[PDB]
Amino acid sequence: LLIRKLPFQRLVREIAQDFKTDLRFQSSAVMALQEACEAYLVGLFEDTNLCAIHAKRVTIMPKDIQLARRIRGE
Amino acid sequence: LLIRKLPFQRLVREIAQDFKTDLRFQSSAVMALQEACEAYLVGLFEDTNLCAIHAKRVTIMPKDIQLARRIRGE
Amino acid sequence: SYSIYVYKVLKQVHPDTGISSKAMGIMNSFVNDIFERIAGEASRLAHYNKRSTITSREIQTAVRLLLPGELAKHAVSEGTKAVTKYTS
Amino acid sequence: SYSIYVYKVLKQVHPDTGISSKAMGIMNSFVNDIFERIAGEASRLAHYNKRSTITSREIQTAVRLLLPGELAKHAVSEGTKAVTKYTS
Amino acid sequence: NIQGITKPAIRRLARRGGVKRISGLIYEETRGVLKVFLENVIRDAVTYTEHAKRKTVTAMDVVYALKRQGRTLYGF
Amino acid sequence: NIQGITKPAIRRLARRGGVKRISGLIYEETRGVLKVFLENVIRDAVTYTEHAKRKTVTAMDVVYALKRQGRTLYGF
Amino acid sequence: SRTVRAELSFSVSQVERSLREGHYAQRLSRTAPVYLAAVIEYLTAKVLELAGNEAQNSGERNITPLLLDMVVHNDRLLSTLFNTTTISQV
Amino acid sequence: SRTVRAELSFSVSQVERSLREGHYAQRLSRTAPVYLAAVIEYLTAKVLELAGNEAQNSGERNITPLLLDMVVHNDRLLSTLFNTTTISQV
DNA sequence: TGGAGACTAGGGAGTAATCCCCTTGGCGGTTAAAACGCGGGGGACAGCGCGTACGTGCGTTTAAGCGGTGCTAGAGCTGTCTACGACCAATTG
DNA sequence: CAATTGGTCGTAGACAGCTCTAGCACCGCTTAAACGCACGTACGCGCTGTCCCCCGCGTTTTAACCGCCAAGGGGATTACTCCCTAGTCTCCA
């Protein structure tokens, strides 16, 4: 994994608090969410790098994430 | 519609020939395919125009269709 | 199938505005689609819990899953305030 | 559930190469997923034609629909040359 | 042929898409995208027709083929 | 907080994505994309847990929530 | 009749009959089709409420499919439900 | 036994038993589970054939999930089946 | 100690036989729409320059991770036990 | 000619009871990983310029569209009527 596990667990337990208070998570639910979130972010930066090369650049910019998410339908 | 109906019917009846020979189409199946194909192409050129503006251009180029289809997953 | 009730709700929501004949087929395909989507989601939820009876609770969960956000909150509130008015 | 047969096919395809314990759970979730996808597609195809019996023909069509291209041609050829070897 | 998707019909689809100016090589790429889209949808429509033991591809086979791509079509 | 998704963890995700150089404003946008992705998946996982009359979000509720986005996850 | 008794506009018995002919389960509940008919009734009375609001906002008399296509892809309230839909307009 | 009789490796009776407990229809066919077990057998003997080809091509002894993730996203033969899958690797 | 071989008793589908929509196929006369060609000029595309701003390397600060106790909530049962939904006999429009 | 209301009859799910995983919590110590500088240099971004190459306007050419009328393939149906799938006794590892 590439994100640290304890701040990602704090992030899931502070996002899920808005949906139902006082929830518990299995130890493998947080690792499934962390595996799916890095498999989402790498697949997002692979299209952001395509949108940055498309403009004849190397540095990715927030408009490249915004284009890769508007084309994808997000 | 924006594509002429008789060349689009010739296109469907020459694409479907590779799948099963001597097929017949309803008159509304071809209009559903033509409605879906222009609703596909306009939604494709709306992301191609975003990929062409993203490079600080106005003219769309084939690399803009190729980027809008690689980001989309085609 | 469901076209006779679309005009009946339209008489309540807009008793002055009429509807076309293609728009009735569009609203009837919309209703048969959101029906065969909600019932399909509730059958998968009845299978995931190994139940056999689709209750109103699997419909409330399939509405929470399918409809995003405020549409799910209002569809759950309308289904709840229709089942409670039904049992009374 | 299906983990006892994944190793049995692996003994035929590679009798020398072994498999891990996480990869067995991955192949078992793969098999239970392509099973609950093919059977779900064949139940929708049994509903679209208003039938009641899932025959092998709704499985051959759900394989043609789900698997793209050459994987569908080889899965149909293997299912056909297994049903014919079964009936004989 | 695919050549029936003419130059000004692709230009009208791009003008409806909001494109101001079109390069001279979009025309053969758009036909190659349309042919892939039809080869993906007509394959499923022919699969539903061969499954229904018919020889006429109805419009509900096309609606089911577009439904299997997340492109639900209302009005058929 | 969302601040636990640190600067070098986003940099490692971009280095695995193939990005050579990263602007100084990607870091707060990527956290805003990750928070939307988690708010879309955890809502469905909490919906499956409240439907299963549980209080512990198991990993199969997360697999079902990712399956409802076209992101099937093998291994749970 | 349970539809007037529940003060709804859709028939519960036809949605239940379509759940039986769809064979979505083996056995339904007592109040599951009332809930499902009230949610589909809400969605129809939310889409046609906007089609009837837009026909009189534009000045149209009837409701055409062009009104449905303009509303359901506008109106971010329910434009998310129709991200991947295409009204045929023919 | 019909699996050896059909000369297959998956059990037809367990796939049929999972179709009964899934309640995918009301009644199956005589040869529908043999066809479904031969297709799932083909897909397993096509994925594990490549995992066993790659373990000996790389030089590995066992089959790890890293081998599955490298194969199913390579090998354009079946990379289309796994466009939207993610092997967890943990 | 689990299948699956012979026999029952039904009851979806196979399979004719039948209308009758409707798809495919001509012709012929329109007129819109595509196709070609010319020319002018918007605008990709290359090259150069100034200068933010990102990366690398340092020292220092934080905290995640690990190992080890607790400790109570709450998943999973197992066994009752009602209330439930599946069946059947008179109706306000 | 609907959809409904009293009875009835299993049986699925509600539901107290209980075992025991496992999630949450805290303490302490490492040591990696993050964090904050300062500096140099890549590389975004603005600019200017030559030059394709796209758009717009004319002709002229094509073929789509429309309105006919055949003609036969083939949905869609109604009728039986076999041939299947759903219930039950044993072998051979």
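Residues numbered from 1 in each chain as written, not as in the entry; some residues may be left out. Chains lettered and ligands numbered in written order. Heavy atoms only, no water.

Per the deposition metadata, cryo-EM was the technique used to determine this entry, at a resolution of 2.8 Å.

**Overview of the arrangement of the chains**
A gap remains between chain A and chain E, with no contact made and the closest C-alpha atoms lying 12 Å from each other. Nowhere do chain F and chain G come into contact; their C-alpha atoms are at least 13 Å apart. (Contact = heavy atoms within 4.5 Å.)

**Focus: the protein's contact with DNA strand I**
Around DNA strand I, the surrounding shell holds 39 residues, and the nearest of these are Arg10(A), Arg13(B), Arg12(E), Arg11(F) and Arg30(G). For DNA strand I, a phosphate oxygen lies 3.4 Å from a polar atom in the backbone of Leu6(A). Here a phosphate oxygen of DNA strand I and a side-chain polar atom of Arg5(H) are 3.2 Å apart. A per-element tally of the surface near DNA strand I places helix α1 (residues 5-15) of chain A first, with three residues. Residues that form the surface near DNA strand I fall into these classes: seven nonpolar, 11 polar and 21 charged. (Near = heavy atom within 4 Å. Polar contact = N/O pair within 3.5 Å; in protein donor to acceptor, adjacent residues only side chain to side chain. Helix = DSSP H or I, 4+ residues; strand = E, 2+ residues; numbered from the N terminus. Nonpolar A, V, L, I, M, F, W, Y, C, P; charged D, E, K, R; others polar.)

**Looking at the interface of chain G and chain C**
Contact with chain G, which involves 50 residues of that partner, is made by 51 residues of chain C. Carbon and sulfur atoms make up 74% of the surface buried where chain G meets chain C, a total of about 4600 Å² over both sides. When the buried area of chain G at its contact with chain C is split by residue, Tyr24(G), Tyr35(G) and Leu48(G) rank highest and sum to 17% of it. Between the two partners, chain G and chain C, sit 14 residue pairs in polar contact. Elements that contribute at least two residues to the side of chain G that touches chain C include exactly α1 (2-5), α2 (12-22), α3 (32-58) and α4 (65-73) of chain G. Examining the composition of the side of chain G that touches chain C, we find that 18 residues originate from one element, α3(G), more than from any other. (Buried area = accessible area lost by both parts, 1.4 Å probe.)

**Observations concerning a nonpolar patch on the surface**
A contiguous nonpolar surface patch, about 210 Å² in accessible area, is contributed by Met60(E), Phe76(E) and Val90(G). With respect to the helices, strands and loops of the structure, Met60(E) is situated in helix α3 (residues 59-67). (Patch = residues over 30% accessible without salt bridge, like charges linked within 9 Å, V, L, I, M, F, W, Y side chains within 5 Å. Areas by Shrake-Rupley, 256 points an atom, 1.4 Å probe, with all protein chains shown as cover. Salt bridge = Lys/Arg side-chain N within 4 Å of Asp/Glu carboxyl O.)

**Here we look at the pattern of salt bridges**
If you walk through the whole model with that rule in mind, you get 24 salt bridges over all chains. With a closest N to O distance of 3.6 Å, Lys67(F) and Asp33(D) form a salt bridge. Here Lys67(F), found in helix α3 (residues 59-67), pairs with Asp33(D), found in helix α2 (residues 22-48), and the two come from separate chains. When its relative accessible area of 26% is taken as the criterion, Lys67(F) is described as partly exposed. Judged by relative accessible area, which is 5%, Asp33(D) ranks as buried. The salt bridge partner of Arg54(F) is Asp61(F), with a shortest N-O separation of 2.6 Å. A residue is classified by how much of its surface remains accessible, and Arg54(F), at 26% relative accessible area, is partly exposed. When its relative accessible area of 5% is taken as the criterion, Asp61(F) is described as buried. Taken together, the shared-partner salt bridges in this structure form one network comprising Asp33(C), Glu36(C), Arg37(C) and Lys67(E). (Buried < 20%, exposed > 50% of the residue type's maximum accessible area, 1.4 Å probe, protein only.)

**Details of unusual backbone geometry**
Residues other than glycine seldom take positive phi values, yet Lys50(D) does so here, at roughly 60 degrees. Residue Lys50(D) is classed as exposed on the basis of its relative accessible area of 78%. Backbone geometry places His23(H), a non-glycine residue, at a positive phi of 55 degrees.

**Notes on the packing of aromatic side chains**
For the structure on display, the rule yields 18 aromatic pairs over all chains. Measuring from centroid to centroid gives 3.8 Å for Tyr48(C) and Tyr64(F), while their planes differ by 10 degrees, and the two rings are stacked. Here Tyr48(C), found in helix α2 (residues 22-48), pairs with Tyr64(F), found in helix α3, and the two come from separate chains. What makes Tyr48(C) partly exposed here is its relative accessible area of 23%. Both rings, one in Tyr74(F) and one in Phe82(H), keep their centres 5.9 Å apart while their planes meet at 85 degrees; by these two values the pair is edge-to-face. (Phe/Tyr/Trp six-rings, centres within 6.5 Å; stacked < 30°, edge-to-face > 60°.)

**So, the packing of α2(D) against helix α3 (residues 32-58) of chain H**
Where α2(D) meets α3(H), the axes come as close as 11 Å, and the angle between the chain directions of the two elements is 145 degrees. Between α2(D) and α3(H) lies a crossing of right-handed hand. Along the contact surface, α2(D) presents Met27(D), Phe30(D), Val31(D), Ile34(D), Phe35(D) and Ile38(D), while α3(H) presents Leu36(H), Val39(H), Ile40(H), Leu43(H), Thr44(H), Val47(H) and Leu48(H). Of the residues that constitute the contact of α2(D) with α3(H), the class distribution is 12 nonpolar, one polar and no charged. (Axes fitted to C-alpha atoms, helices over the stretch in contact; angles between N-to-C directions. Left-handed = near helix turned anticlockwise from the far one by under 90°.)

**With respect to the protein's contact with DNA strand J**
Every one of the 44 residues lining DNA strand J counts as a neighbour, but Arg13(A), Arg10(B), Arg11(E), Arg5(G) and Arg30(H) are closest to it. Backbone atoms, meaning sugar plus phosphate, form 100% of the atoms of DNA strand J positioned within 4 Å of the protein. Between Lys55(E) and DNA strand J, the recorded distance is 3.5 Å, taken from a backbone N or O atom to a phosphate oxygen. Within the backbone of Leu28(H), a nitrogen or oxygen atom sits 3.3 Å from a phosphate oxygen of DNA strand J. Elements with a minimum of two residues in the surface near DNA strand J: β1 (24-25) of chain A, α1 (5-15) of chain B, α1 (7-17) and β1 (21-22) of chain E, α1 (7-17) of chain F together with α1 of chain G. A per-element tally of the surface near DNA strand J places α1(B) first, with four residues. Residues belonging to the surface near DNA strand J are distributed by class as follows: eight nonpolar, 12 polar and 24 charged.

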